[PDB]
Each structure stands twice: as C-alpha cells, then as structure tokens.
**Student:** 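Sharing a structure here in structure tokens format.
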2 protein chains.
Amino acid sequence: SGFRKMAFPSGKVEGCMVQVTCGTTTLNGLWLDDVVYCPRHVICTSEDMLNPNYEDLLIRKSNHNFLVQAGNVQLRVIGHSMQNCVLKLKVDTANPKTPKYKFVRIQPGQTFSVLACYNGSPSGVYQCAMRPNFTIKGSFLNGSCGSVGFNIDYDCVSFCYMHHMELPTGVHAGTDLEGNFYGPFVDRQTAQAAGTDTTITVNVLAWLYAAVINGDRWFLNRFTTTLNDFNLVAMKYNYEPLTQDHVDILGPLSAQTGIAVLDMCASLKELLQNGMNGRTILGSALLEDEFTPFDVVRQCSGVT
Amino acid sequence: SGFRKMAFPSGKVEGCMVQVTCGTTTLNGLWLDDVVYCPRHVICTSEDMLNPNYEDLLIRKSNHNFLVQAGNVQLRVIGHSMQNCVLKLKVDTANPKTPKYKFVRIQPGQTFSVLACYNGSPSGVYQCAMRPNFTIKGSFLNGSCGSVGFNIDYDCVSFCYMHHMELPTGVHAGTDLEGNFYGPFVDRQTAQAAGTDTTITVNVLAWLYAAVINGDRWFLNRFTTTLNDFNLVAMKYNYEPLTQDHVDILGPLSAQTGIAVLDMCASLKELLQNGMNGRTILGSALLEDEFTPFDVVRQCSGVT
Ligand SMILES: *CC(=O)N1CCN(Cc2cccc(Cl)c2)CC1
Ligand SMILES: *CC(=O)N1CCN(Cc2cccc(Cl)c2)CC1
C-alpha cells in the first residue's frame, strides 16, 4: 500500500549522459550507440540567442569544435549534423552502456521521468507530465539543457523529451529526440507564452482510483453522471474533455475497484464543485493529474 | 527554475539489488562487496510471522537454503549471520558494481530516496522522509521488502533504510543497514500503532524559502515572531518545535533570499492560522515538509 510520485530507475539513462562543450557553452548530451544528441543552441553565444540562424552559426563549427566528455574521457567527434532543433554528433566509439532504446513523441497528458544533469553528471530524477499546453513543469537550472525524459518498458528506454528552454513564467519547453519541439515553442530568446494549463481529467480519475485502492474513499458519493454532463463541469473548471477513449483506458481500474468510470466522474464533479473542505487524498490537498491510468496500474501491481 | 520532489539518480543502487529466496519467501537483498543484506523475516512462513523466534527459526537454515540471484546468475552463499533484524549472507563473489558506500542511521525529518524493487528488480524511485514517529510514507507492495533508502554525496551512497513492514494504517516501518528498526517497531504481525505524525517545521520553512527563490511569494507578510511565540502556534498545529539549531541550518537560505528566518516563521504562522485560501505554493495546496534545508540548497544550486 501507499501511492508515491514515482520515477523510473535512472541507471540505464545515467550510462548515456555526457558533457557537450562548443566554445564557452556547456550542456548535456545523450550518447546512444555512436551518436551524441544535444540541443543545437550549444553552438550559440547568449548574444546569438536573440535571433540565431543555426545553419549559418553551424557553418563556423567543425567536428573538433564539439568537445564531448563521458566521465573524464574525451570522445572523438567524426561527424555532426543538425536534425530540427538537435545536433547529432557522430563519435568513433559506440556507448558500451547503450540500453535497448526507442525515440517516441508523446501526447499531452503522458508522464515520463526526467534525469536532471549538469556537465553530463546526474543530479536527480523526478516524474513529469507533458502538459496540455505542451510545457512541462520541471526543475532545470542553467547547464541542465540536454537532460532527457524517458519511459522504461522492462529493458527498453523510450526517450520522449530533451530539455531546451525555460519560458519567462518558469515552465519548461523541449523537443523529442528527433529535435521537434513539443507545442509551438522555438529555441530563441523571444516572447513565448504558454496556453491554458488545463487539468488532465483522465489522470485525475486514475489517481482517484489509486486513492480508493490505497484506502482513501471519503470522496466517493451516491451520484453518477454522463460524459456530456461531466464535460460541462470539466469545461467550467479548465479540465480536458473526457472521451470514450479515456473511459475505455480506465476500464481495468473500474474493474479492479468495481466503481463504474461514470460514478468516479460524478465523484470528481462534486470535488470540483465543493472543493476538498480541508481534507486530503493520497496526501494531496489538490487533484493530482500527473499519474496515467498505466502509471496507477503499474505502481498498484508492482511491474519492474 | 522550478522545484520538484527529486530523488537521487538510482543507478549506483540498481547495481546492488538481488533476489533472496528462503523456502517459499522471496524478497530483495542489497549486495555490497561479498555480503548480501536482507530482512531476517525472509526465513518466516506467514504462519511464523505471528510470534517468530528468529534465532530458533534460523537454526533450521543452512547457507544452501538462501537462494541469492543477481540478474539471472546465482551467487554461492558461504556464510550467514543475523545482526539485529537483518541477515548478512556471505557470498563467494564481491559485487563488481559495489559503489563507495556508508551505513548511516538518519534522524526524523531527514529525507532519502527509495528504490522500490520486486524479485531484485527495480520498479521505481521516489523521495521519502523519516517521519517524527519513525514511520515513512512509502509505496511498497508484497515482495518490496529489502528495498533500500539512501542518500548520495557525489560518489558515496549512504544507505539509511531497508523496508521490513506495513502497519495496519498503510504506513511503513524498517531498519537501518545494521538491522535496527527506526522507532519502536518489531518484525512481527502484531498490533503496532504509529504515534502523532507531526509536521517537520524546519523542512516546511526550507520549502517556503524554495518557493520564494522560484517566484512564489504571495504568502510573504509584514510580520515577524520569536522562537517561543512561533512554537506556541507550532504545538497547536502538531508542528515539531523549532530550535536555534533549525534556525542556524536555515541561515544560508535566509542569506540567499534576504528573509530573516523569524520573518519566514511569521509567514508560516499566518499560513497555519489562515490556511491557503485556495491558493498554492510550488504547485502544492498543503505545506510540504519532505525537503530538508540541504535538499533545497542542492536542488536550487544544482549539485551532482
Ligand atoms: C537549459 C540550459 O542549460 N540553459 C538555458 C538556455 N540557455 C540558452 C537559451 C536561451 C534562450 C532560448 C534557448 Cl532555446 C536557449 C542556455 C542555458
Ligand atoms: C515487504 C514485503 O515484501 N512483505 C511484507 C511483510 N511480509 C512478512 C511480514 C509480516 C508481518 C511483519 C513483518 Cl516485519 C513481515 C512479507 C512480504
């Protein structure tokens, strides 16, 4: 029993982190096979960051300008290319600690672990969600760029995020490992405002199911609702609309608890309308939306 | 910017986790040098757990009865002993992945990372505190026992916790790596009730400092207080008494923010007396007490 905000074990990713230095800029790279992936803004002076032309800036860079260090050993760079907003540095040595891996582009509401790194060195691991506005609420200081987000399925790391920037509002933007930003963000020091940070309804429901499983039941009520009725309340409270797809995804938690999804919707409806009245659920005073149905099942069933 | 509940990278500990099987009971062991450490209740049938005599039960166990598996390779057990509530199994092979390590017995209020494991296999990593009642609020299913809590100082893992049991209230009890329980708990299936779960005042203050540093300032007020006046309010709200030692420990955060510790105490006082009025601090609707002053400094300064 007990339910915690839980990250994947980070060892497989720790083995992939390197330092990338171009001139005076240092950040993190991800070493997989004989390629180091890093944000392309490694080639910029903060002077460059106001309106960088990356193709023009990259013309001035040779393989020997990219200093790649894995622990205290230098890697030999034998090629470099720009894909979207990442650099791919070809090195002469395959990473011997390369795990089975995939690159995946996640959807808003999907959770992942971040291994925060500075100078290629892991500092910590936490769990995030891709927000519906394609920001993430991270913990990232200067030097953290190139830190990655990932999921693990048994022995296969799916890399979904690389950190590129903080918005003036202190939220985070980054790319998949093909270098494509999540959302409308660009790697420039310009006015970039996030949209509405809506609550991931299907995740809140999953976490309400987790609460029931772990003994927190005070919020269960005598009511039910319909997808359309629930969605009217969701819209009013800046909750994402709930679809039959979300209902289907909640089926196994429905089944395990014997609480119909639409009954738990009616519980959530009363919580939105009435607040917590100073009570807590799984040690939270607000409705947690950074657990997926898959996450709740995993943690509640103990998958490794 | 951003402030997250952050665990240590788990790789160094992942390399130490093994499966220990005695008869039909499987749990986790910690392999350091040529010793595997595990809960002594590995030798029990759940029948035994009602009033086990561990010395008598252990007489019936030989080295060959302890099945130790690291990945899919069996370790040869060449000795076994009971220290307090842990077994130390001597194996014929030093763990090649043994990190620099220490065993430390932590104080209530101290935070650590847990690597939750099942069958010697890591499932996840989260951050905990030793509660003032010497429980921890974990996420532990059957098979998770022998999972460890740790801190990392650069390259040295300090092991502070091994998981032994859930109380009927769904909170967790365990030992240091010398096998001594935190608090008054015993490894028996008996009536064991936790004391008052008081709030770790010095940690809440640290986290208020973290909030200011990361831009959440609405709760800063025009007031100050004294240790004695604050402590009257702390007692009323089941907060731990604040000492000059706690004030001294908060000095660097005081200095960085230019907010006197006693001013932040007066902020905390008004939050206790007035509640959050539906507002949040670092994405929480309650006062977080599982960040130490050291944790706040670390995450805010980016130590690896
Ligand atoms: C994450 C990190 O290490 N850094 C923050 C970004 N900074 C350069 C930069 C400025 C503006 C926009 C972008 Cl995409 C990058 C480097 C340090
Ligand atoms: C943690 C774990 O894997 N398990 C929970 C404890 N259980 C045996 C037990 C019962 C009662 C008290 C104690 Cl200390 C242990 C084994 C499974």
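These numbers come from the heavy atoms of this one structure, side chains and all, not from hydrogens, waters or symmetry mates. Throughout, a chain's letter reflects where its sequence line sits, starting with A, and its residues are numbered from 1. Whatever order the structure lists them in is the order used to number ligands and atoms, beginning at 1.
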**Student:** Which atoms of ligand 2 sit under 4.0 Å from any heavy atom of B:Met49?
**Tutor:**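 Those of ligand 2 that fall under 4.0 Å from B:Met49 are 9 (C), 10 (C), 11 (C), 12 (C), 13 (C), 15 (C).
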**Student:** Only heavy atoms of B:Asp187, strictly under 4.0 Å: list the atoms of ligand 2 that pass.
**Tutor:**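 Those atoms are 14 (Cl).
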**Student:** If only side-chain N and O atoms count, and only distance matters, is there a donor-acceptor pair under 3.5 Å linking B:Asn63 with B:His80?
**Tutor:**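 Yes - a donor-acceptor pair under 3.5 Å links their side chains.
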**Student:** Give the residue and atom name of whichever protein heavy atom lies nearest to atom 5 (C) of ligand 2, and the separation in Å to one decimal.
**Tutor:**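 Residue, atom and distance for the closest contact: B:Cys145 SG, 3.7 Å.
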**Student:** When the ring centroid of A:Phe291 is compared with that of A:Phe3, is the distance short of 6.0 Å?
**Tutor:**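 Yes, ring centres under 6.0 Å apart.
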**Student:** May I ask you to check whether A:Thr26 and A:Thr21 show a side-chain donor-acceptor distance below 3.5 Å?
**Tutor:**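 Side chains of A:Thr26 and A:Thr21: pair found under 3.5 Å.
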**Student:** List every atom of ligand 2 that sits less than 4.0 Å from any heavy atom of B:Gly143, numbering the atoms from 1 in the order shown and giving each element.
**Tutor:**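 Result: 2 (C), 3 (O).
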**Student:** For ligand 1, is there an N or O atom under 3.5 Å from any N or O atom of A:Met165?
**Tutor:**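 No, no N or O pair falls under 3.5 Å.
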**Student:** Verify side-chain contact (heavy atoms from CB on, under 4.5 Å) between B:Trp31 and B:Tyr37, making sure each step is shown before the conclusion.
**Tutor:** CA-CA 7 Å; B:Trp31 183 23; B:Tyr37 303 83; over 6 Å; no
**Student:** Verify whether the ring centers belonging to B:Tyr101 and B:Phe150 lie closer than 6.0 Å.
**Tutor:**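 Ring centres of B:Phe150 and B:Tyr101 not closer than 6.0 Å.
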**Student:** Are any of the heavy atoms in A:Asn142 under 4.0 Å away from ligand 1?
**Tutor:**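 Checking ligand 1 against A:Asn142, which is what was asked, there is a heavy-atom contact under 4.0 Å.
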**Student:** What atoms of ligand 2 come within less than 4.0 Å of a heavy atom belonging to B:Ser144?
**Tutor:**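 Answer, ordered by atom number: 1 (C), 3 (O).
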**Student:** Examine the side chains of B:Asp295 and B:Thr111 and answer whether a donor and an acceptor come within less than 3.5 Å of each other.
**Tutor:**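 Yes - a donor-acceptor pair under 3.5 Å links their side chains.
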**Student:** Measure from atom 7 (N) of ligand 2 to every heavy atom in B:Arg40, B:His41, B:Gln189 and give the option owning the shortest one.
**Tutor:**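 Looking at heavy atoms only, B:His41 sits closest to atom 7 (N) of ligand 2.
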